[PDB]
């Protein structure tokens, strides 16, 4: 992209390298939400995604992660404070690879996010879409296979490294 930043996650399975997933962040249309994810991926504010876990993976739906404060699926925080408002609903959950914010209801974005592995249109207007997988969808499909119907993973899937490319 000439405009949108690219970030990467190096994914690990029980500490072993699985592969790299890169993401285009739609700063052109969702700038505040894209900037939060970018800065959490570089760690430039002193905290962020490196070391955190994809704690909820449900095959056919999504891979969810990003709780680096409580490490139990209830936490996370943004670069703007603990939570920030839903920026816009311009983009929709149109298929595999969509990157969108997890939340606990309206205006509760922090750091948790999910990567869709299917179209999840029922989430439109309730979760802010802000990016998409650029390279490494095969790695996301590999992560998806470690999930289960209740979201518990059979091995621990972590972000071993992350940062900004280009």
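Numbering follows the first chain given and starts at 1. Between two forms, the rigid core is defined as the largest C-alpha subset superposing within 1.5 Å.
Here the rigid core sets the fit, and in 9 other deposited structures of this protein the C-alphas of 142 to 150 stray farther than those of the other stretch, out of 17 to 25 and 142 to 150. Stretches compared: 66 to 74, 51 to 59. Higher mean C-alpha B-factor in the entry: 66 to 74. Residue 16 sits in the middle third of its chain by CA B factor, as recorded in the PDB entry. Per-chain ranking of the deposited C-alpha B factor places residue 157 in the middle third.
The entry lists a Cα temperature factor for residue 138 that places it in the highest third of the chain's modelled residues. Ranked by Cα temperature factor within the chain, residue 127 sits in the lowest third according to the deposited record.
Among the modelled residues of the chain, residue 45 sits in the highest third by CA temperature factor in this PDB entry.
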